[PDB]
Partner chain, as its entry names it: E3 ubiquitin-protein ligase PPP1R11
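In the block that follows, a single chain appears as structure tokens, in the form deposited without the partner chain.
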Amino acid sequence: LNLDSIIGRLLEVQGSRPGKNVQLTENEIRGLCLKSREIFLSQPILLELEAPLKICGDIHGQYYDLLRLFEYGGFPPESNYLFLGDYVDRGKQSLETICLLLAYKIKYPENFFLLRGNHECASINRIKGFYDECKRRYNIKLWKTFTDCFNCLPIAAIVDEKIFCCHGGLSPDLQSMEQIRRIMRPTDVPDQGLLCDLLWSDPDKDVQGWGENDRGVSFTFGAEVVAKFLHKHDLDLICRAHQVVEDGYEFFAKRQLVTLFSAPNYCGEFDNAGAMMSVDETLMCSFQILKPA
């Protein structure tokens, strides 16, 4: 697997008209999936990470915005990175997006990290775009290969014992971090339970305790649920993604939770910015922001 050739071709379109494809070979992408899958399984499902690092929310196949994020934040390994999931679907270039991310994971496995979003799940990305991209530009066997890889992604991360990170949010079934560590891989995303909630739940300002989620999956949780979680586990901040927010980032529960969304102008019918959170050595948070067009 010629990793540097793959990364070079993926980065070659920097400065091109947004939309220009990078078409790797089928064997190259299969190798990216197989090798990254091995690395994901070799690392904990609950990552224990160190600052400084940069944290990114949803990308949803907006490959040229991913390139802008790296241009702003420093291409790996000049900065350490944690991504919070939802790499595919909706956008036009899920394939270039996920291939660059997997290539950086293989090249910099201790300095580059990917969590699982609810779209890294076959039943979701069958309908929402990624299956169609694979069928058109490669074949469905490659889509299954991607699925096998997604099923091994880690689910959450803790930065310096203080910042808890996942795609969705908290769970009424999450009482101990050991519950996350005991989750076995590979796995699909179940329709209920701890793993589902970590990828699907949402914070809600108008909810007390746990409420019903409008997505039809998982729950909503209020500010008191966040405060109790931080106190019980001696944490300072929940960092999650999953929801479009106008500024690219949005604090919640007196800045005890932050939502990150890194795909600007989402789907075309969203005038949102995309944001990336910079976490310095003392865990102080700042933002780099792709303003809407």
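Numbering follows the first chain given and starts at 1.
The same protein has a further form, the form deposited with the partner chain bound, not shown here; the description that follows concerns it.
Close approach of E224 to the partner chain in the entry with it bound, 4.5 Å, heavy atom: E224: no contact with the partner chain in the entry with it bound.
Heavy atom of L115 within 4.5 Å of the partner chain in the entry with it bound: No, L115 stays farther than 4.5 Å from the partner chain in the entry with it bound.
In the entry with it bound, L170 touching the partner chain (heavy atom, 4.5 Å): Although the partner chain is absent here, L170 would stay clear of it in the entry with it bound, with no heavy atoms inside 4.5 Å.
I163, heavy atom within 4.5 angstroms of the partner chain in the entry with it bound: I163: yes, in contact with the partner chain in the entry with it bound.
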